[PDB]
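> just coords:
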């Protein structure tokens, strides 16, 4: 034990082994950090390099298809030599990712990085400790939702039974930026398929209409930089998001990832409400537990590592910080809390993954995104503000609750709306004249 100095690699800014990078400009800078379980010795040393062979391994493990990011666009300071810091049991090297021309739009590329030429005192337990990975997306042309580096971001649920998610586009700052970085199609369901003997994704006709018509009703949001997530919600049977066995969660996560791939979406929100007691004799199910919920989140992220796995902190959906030795910061990207409270991190997550406010736009609770509230949330280190169930019919109240906060968060207040959309209709109508 005393001589085992185990090394692993991670992104130095995020501390994640698998890090999604959005390129909003020409250059993106970070560090690659090698963590050590013991204090280094005098001669301790290592380098990093891009390891293209590992991408084959990674894609097989995740059932993914990521192409390799062009290596010439990736530069390590010092030909990749890690600067060892004895006092912090770590070593790091700067990495710059330059944006390139000729890449395919809306495609995720990978930069697999390996420890190389490590000194004899370092142990690397397996190929997964030996590597970290960056999953790179070029967002340079899809900047309208990008309001700056490190600003607070918006997370919006649409009740798609009633409201068209193109209404995302009704919300702009006076400088033209789109307010809502992430939107959720609330919601597809988990339900029992008696014939298959297991849970399945079940979409009501309103959810299905959006998916079938995603090119006209969802993809326009994504073209302007908004992440569109599929909401998943329990639905009054023996199945639920916090009561799947390991195998049940693996199978369900596979289906969720299939949806997100087929319809070109950006991830999922899980909300554990409305399920009934499970049939414990069914191998796909288990006792309801936050542990089962965590298992599902972990398996979902494994199936779609470049997409967002997010949770509503309600029911038994959130609270277990590790699955199979992997900490929650790797598999919960965003957590939003109930109206009137701020979310909190678990494991090695930070408040940057958490909502500082949740506003129920239909029912009224949760407060307002005022100048004062904006500053309170910034002071608290929160990453997100959440809204639920906006509707054009209630834009007066909705937008009233958004006054003042934009100038603090972004240097530009939210503008009064001039456009709205009707359910299942791509037509931009004039607000308020066409209501």
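Received it, and whenever you're ready, just let me know what you need. Residues are numbered from 1 along each chain as shown.

> Quick check: what element follows the longest strand along the chain along the chain?
Criterion DSSP state E: the longest strand present in the chain is strand 182-193. Sequence-wise, the next helix or strand downstream of strand 182-193 (DSSP states H and E) is strand 198-202.

> That next one: partners in the sheet, and parallel or antiparallel?
Sheet pairing of strand 198-202 (DSSP bridges) gives strand 182-193 (antiparallel).

> List the buried residues for the strand it pairs with?
By neighbour count on 16 or more other CB atoms under 10 Å, the buried set for strand 182-193 is 182-192. For every residue, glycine as well, the C-beta is placed using N, CA and C.

> picking that back up, the longest strand of the chain: how far from the chain's middle?
With CA atoms, centre = their mean, to the nearest Å as the basis, strand 182-193 stands 16 Å off its chain's centre.

> what do you get for stretch 312-321?
The chain centre lies 16 Å from the centre of stretch 312-321; the measure is CA atoms, centre = their mean.

> Can you give me the end-to-end span of it?
15 Å (CA to CA, to the nearest Å).

> what does it rub up against?
Stretch 312-321 is touched from outside by 234, 241-242, 269-273, 288-294, 311, 327-328, 332, 335-338, 343-344, 346-347, with contacts defined as CB atoms under 8 Å, 6 or more residues apart in numbering.

> hang on, isn't residue 147 packed against residue 180?
No - if you go by CB atoms under 8 Å, residue 147 and residue 180 don't touch, sitting 10.5 Å apart.

> Look at the two and report which has more neighbours.
With neighbours defined as other CB atoms under 10 Å, residue 147 and residue 180 compare such that residue 180 has more, 26 against 23.

> what's the spacing between that one and residue 196?
To residue 196, residue 180 is 36 Å away according to CB to CB, to the nearest Å.

> One more: residue 264?
26 Å.

> Looking at these two, which is more packed in?
Taking neighbours as other CB under 10 Å, residue 264 and residue 196 compare with residue 264 leading, 13 against 10.

> quick one: contacts for that one?
106, 214, 219, 222 are the contacts of residue 264 under CB under 8 Å, 6+ apart.

> repeat that for 7 Å
The contact partners of residue 264, by CB atoms under 7 Å, 6 or more residues apart in numbering, come to 214, 219.

> so where do the helices sit in the stretch 51-200 of the chain?
Ranges of helices in the stretch 51-200 of the chain, per DSSP state H, counting those that start in this stretch, are 52-62, 127-130.

> So which of those is the most surrounded?
Among the helices of the stretch 51-200 of the chain, helix 127-130 has the highest mean neighbour count (mean count of other CB atoms under 10 Å), at a mean of 17.

> Name the residues of stretch 273-286 that are buried.
Using 16+ other CB under 10 Å as the test for burial, stretch 273-286 gives 274-275, 278, 282, 284-286.

> Could you give the bridge partners of residue 336?
Listed by DSSP bridges, the beta-bridge partners for residue 336 are residue 312.

> and it, how many neighbours does it have?
30.

> Next: the one 5 residues further on.
Residues contacting residue 341 under the criterion other CB under 10 Å number 14.

> Chain neighbours aside, what residue packs nearest to it?
residue 358 (7.2 Å; CB to CB, 6 or more residues apart in numbering).

> For the host helix or strand of that neighbour, which strands pair with it and how are they oriented?
Using DSSP H and E, residue 358 sits within strand 355-360. With DSSP bridges as the test, strand 355-360 is paired with strand 384-388 (parallel).

> Can you give me the buried ones in whichever helix or strand comes after the strand it pairs with?
Once the chain leaves strand 384-388, the next helix or strand it forms, by DSSP H and E, is helix 395-400. Buried residues in helix 395-400, counting neighbours by 16+ other CB under 10 Å, are found at 395, 398-399.

> contact partners of stretch 323-340?
So stretch 323-340 is in contact with 15-18, 155, 294-295, 297-298, 301, 308-314, 318, 321-322, 343, 346-349, 353-355, 358, 360, 365-366, 384, 386, going by CB under 7 Å, 6+ apart.

> What is the end-to-end distance of that stretch?
29 Å.

> Also stretch 19-37?
The separation between the terminal residues of stretch 19-37, taken as CA to CA, is 22 Å.

> And stretch 300-320, by the same measure?
This stretch, stretch 300-320, spans 15 Å end to end (CA to CA).

> for stretch 229-238, same thing?
Taking CA to CA as the criterion, the two ends of stretch 229-238 lie 25 Å apart.

> Same question for stretch 388-396.
One end of stretch 388-396 sits 15 Å from the other (CA to CA).

> Buried residues, it. List them.
By neighbour count on 16+ other CB under 10 Å, the buried set for stretch 388-396 is 388-392, 395.

> Backbone torsions only: list them for the closest residue to residue 401 other than its chain neighbours.
Sequence neighbours aside, residue 368 is the residue nearest to residue 401 in space, at 4.2 Å (criterion: CB to CB, 6+ apart). Note on residue 368: its backbone torsions stand at phi -130, psi 150 [degrees, to the nearest 10].

> Likewise for residue 150?
According to degrees, to the nearest 10, residue 150 has phi 80, psi 0.

> how much space is there between it and residue 355?
According to CB to CB, residue 150 and residue 355 sit 16 Å apart.

> between these two, who's got more neighbours?
residue 355 (30 against 8).

> Residue 223 - how many residues pack around it?
Residue 223: 12 surrounding residues under other CB under 10 Å.

> got a list of what the residue nearest to it when sequence neighbours are not counted touches?
Leaving aside its sequence neighbours, residue 223 sits nearest to residue 142 (CB to CB, 6+ apart; 6.2 Å). Under the criterion of CB under 7 Å, 6+ apart, the neighbours of residue 142 are 223-225.

> Counting by contacts, list what the following helix or strand past the strand holding residue 358 packs against.
As assigned by DSSP H and E, the chain's next helix or strand after strand 355-360 is helix 371-380. Under the contact criterion of 3 or more CB pairs under 7 Å, 6 or more residues apart in numbering; DSSP states H and E, helix 371-380 touches strand 355-360, helix 405-410.

> Now tabulate the ones you listed in JSON lines and tack on distance to residue 419.
Listed next are those as JSON lines, based on distance: least, CB to CB, whole Å:
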{"stretch": "strand 355-360", "distance to residue 419": "21"}
{"stretch": "helix 405-410", "distance to residue 419": "18"}
